[PDB]
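An overview of the molecular structure
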Amino acid sequence: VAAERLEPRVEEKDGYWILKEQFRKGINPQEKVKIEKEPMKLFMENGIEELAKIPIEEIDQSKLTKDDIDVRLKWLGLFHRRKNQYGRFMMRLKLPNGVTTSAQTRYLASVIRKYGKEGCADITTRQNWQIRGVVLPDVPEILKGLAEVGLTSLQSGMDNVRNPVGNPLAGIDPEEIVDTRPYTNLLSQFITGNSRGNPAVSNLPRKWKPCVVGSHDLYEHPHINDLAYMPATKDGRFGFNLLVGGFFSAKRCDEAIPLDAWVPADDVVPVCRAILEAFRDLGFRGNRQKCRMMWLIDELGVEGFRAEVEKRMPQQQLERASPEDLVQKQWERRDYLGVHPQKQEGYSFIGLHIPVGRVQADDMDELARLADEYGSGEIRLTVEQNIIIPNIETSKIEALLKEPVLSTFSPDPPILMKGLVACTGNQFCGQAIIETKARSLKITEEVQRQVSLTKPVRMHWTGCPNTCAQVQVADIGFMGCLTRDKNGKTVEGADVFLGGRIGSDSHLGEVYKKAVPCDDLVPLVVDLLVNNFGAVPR
Ligand code: SRM
Ligand code: SF4
Ligand SMILES: O=N[O-]
Ligand SMILES: [Cl-]
Ligand SMILES: [Cl-]
Ligand SMILES: [K+]
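The following refers to the structure shown. (Residues numbered from 1 in each chain as written, not as in the entry; some residues may be left out. Chains lettered and ligands numbered in written order. Heavy atoms only, no water.)

1. A look at the sheet that holds strand β8 (residues 210-212)
Spatially, β8-β9-β10-β11 is the arrangement adopted by the four strands of the open sheet, whose pairing is mixed. Both outer strands of the open sheet, β8 and β11 (257-264), are each paired with one neighbouring strand and no more. Averaged over all pairs of adjacent strands, the angle between strand axes in this sheet comes to 30°, irrespective of strand direction. Packing of helix α8 (residues 181-191) onto the sheet brings it into contact with β8, β9 (227-234) and β10 (237-244), and relative to β8 it is tilted by some 155°. Sitting on the sheet, helix α9 (residues 268-282) touches β9, β10 and β11, and the angle it makes with β9 is about 140°. (Pairing = 2+ DSSP bridges. Helix = DSSP H or I, 4+ residues; strand = E, 2+ residues; numbered from the N terminus. Axes fitted to C-alpha atoms, helices over the stretch in contact; angles between N-to-C directions. Contact = heavy atoms within 4.5 Å.)

2. Quick notes on the coordination of the potassium ion (ligand 6)
Metal coordination angles have textbook ideals: 109.5 degrees for a tetrahedral set of four donors and 90 or 180 degrees for an octahedral set of six. Within the protein, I354 (O), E384 (O), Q385 (O) and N386 (OD1) serve as the donor atoms for the potassium ion (ligand 6), at 2.4 to 2.8 Å. Within one chain, the residues serving as donors to the potassium ion (ligand 6) are arranged as I-x29-E-Q-N. Of this pair, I354 sits in the loop between β13 (347-352) and β14 (358-359) while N386 sits in the loop between β15 (378-381) and β16 (387-393); the two residues are 32 residues apart in sequence, bridging distant segments of the chain. Assessed through its relative accessible area of 0%, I354 is described here as buried. (Donors = N, O, S within 2.8 Å, 3.2 Å for Na, K, Ca; no water. Buried < 20%, exposed > 50% of the residue type's maximum accessible area, 1.4 Å probe, protein only.)

3. Details of the pattern of salt bridges
Taken as a whole, this structure holds 51 salt bridges when the rule is applied. With its nearest N and O atoms 2.9 Å apart, the salt bridge here joins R72 to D68. For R72, a relative accessible area of 0% translates into the label buried. Take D68: its relative accessible area is 2%, and that puts it in the buried class. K514 is the partner of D495 in a salt bridge, and the nearest nitrogen-oxygen pair spans 3.1 Å. Highlighted residues: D495 in strand β21 (residues 490-498) and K514 in strand β22 (residues 510-517), separated in sequence by 19 residues. By relative accessible area, which is 57% here, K514 ends up exposed. (Salt bridge = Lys/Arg side-chain N within 4 Å of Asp/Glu carboxyl O.)

4. Let's talk about the coordination of the iron atom of ligand 1
You will see that the iron atom of ligand 1 has only one donor from the protein, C468 (SG), lying 2.4 Å away. Metal-centred angles of 83 to 179° between the six donor atoms at the iron atom of ligand 1 mark the site as octahedral. Following the sequence through the fold, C468 ends up in the loop between β19 (459-462) and β20 (476-484). (Tetrahedral: all angles 85-135°; square planar, octahedral: opposite > 155°, others 65-115°.)

Below you can see the structure in the form of structure tokens.
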């Protein structure tokens, strides 16, 4: 690799970071959008105010403004549902470590309630909230309301740092390694510039996902993150070994690899900055399918990339990885659903199953009420699109278990539901090939009616090859496709994946059977469970 290759490709200009003229040749259309107008201006210069006043039919008549609503607004966490819900926007937060409050939950509920049949909310596979039904004229008021309850939606889509994932049991688990909340909080504050916006990290070549590990269970899925902080002592000091480049895409899935670097705990933000700066400065900006950070690591080599991180550290020093970390390989991932004692004596947390992560406004109000009446007003989201309500006096549990809402959001659902994960799918997502959420519930219900089991089999349903529901981590994964019935008629189908493992001995699953009609999945899955996971016919 030439020294020429290491020339930073972006420069700061008027508070924003833009591609240098000499590196603009051959860029993808999204890069052209970012050059034509800096997306962060919609927030940081209040461009949203004037944009929100223009009727959508008029917005659609010019490239600049159509790109505003279809692309640039994703820097404000707003996602136009052009194909499947025209004129309406999904909105996605920053929610480091999945931690929310009853006040925030009620606020989000009040927004979606306004939109009636066009509104609902979802828990995401990055332990985050999404809301639906948002109309453009309401955006300025929603941004204000979010700020008032201590939320931001900044930089949650497109070429930005995505939600920082942590340990859902942070601070409450007797068995935790390190409380991940301070670190995920610090990362979120850094990424979003304390909710004001941080242009230094908003013009990446592509999305980029961080997590901080605090559990032996590895609830955080470090193996699939662009940066994962693995807790580790080095030379008598607490810090993190760093894994880099993990990602999924339609083209390629790759597990994170060691950077061969360790940082003391206080260097979490400096190293996140250094890595993001290296990626921003040096990343390829052509074919979008070759823009994720792992591709830069492949081009430079891990040592080449490491040197670029090192040069961007304060005092330009980066220690080598510590030989061992604090994560025990001897571990069985713990089921967090149900009632469990906290490390604080006299207190319990409860894990509640949220069927395919979908909630309506009334459901959100009920969950917020439970958190206030029984806990401390806190609600935690998980990457299996479930919830935990922590900080419940254990003496209140008998009463809690009698709450009617717990029949819908159960602390002890059937075992197959506990592990069921499904992406948005074609109810709202324009990329989706099939319907996912309703289908996956119906199929899982019919399968569990036929078999009993004891192994916690994890089933993931994703609507297209983008694999937002991570089918490659599943015991049994289902990827949307169109296929053919016995009469050659078009029907919805799934490619079925097997082999995904999580925790310390992680592994990426692969396609086992292509193009199975959805209507034929029940018998296939019943047999797989009996034949491979010890399930017993009922
Ligand atoms: C909501 C969520 C799935 C869910 O039901 O939980 C989701 C939904 C979408 N993802 Fe994703 N992704 C979600 C996690 C994922 C993950 C899983 C993860 O982060 O662990 C991945 C695979 C892991 C990865 O990227 O490394 C995933 C891979 C993608 C990709 C393909 C990435 C690539 O490099 O090719 C796209 C398309 C793209 O960016 O080009 C995408 C794009 C999309 C969009 C924004 C596409 C669009 O505008 O319609 C989806 C919005 C649909 C909607 O209305 O909800 N989504 N997306 C997740 C939101 C996470 C969050 O809170 O930030
Ligand atoms: S996997 Fe495909 S269908 Fe599902 S939310 Fe992601 S982009 Fe949409
Ligand atoms: O929107 N998930 O990259
Ligand atoms: Cl996006
Ligand atoms: Cl769309
Ligand atoms: K769930």
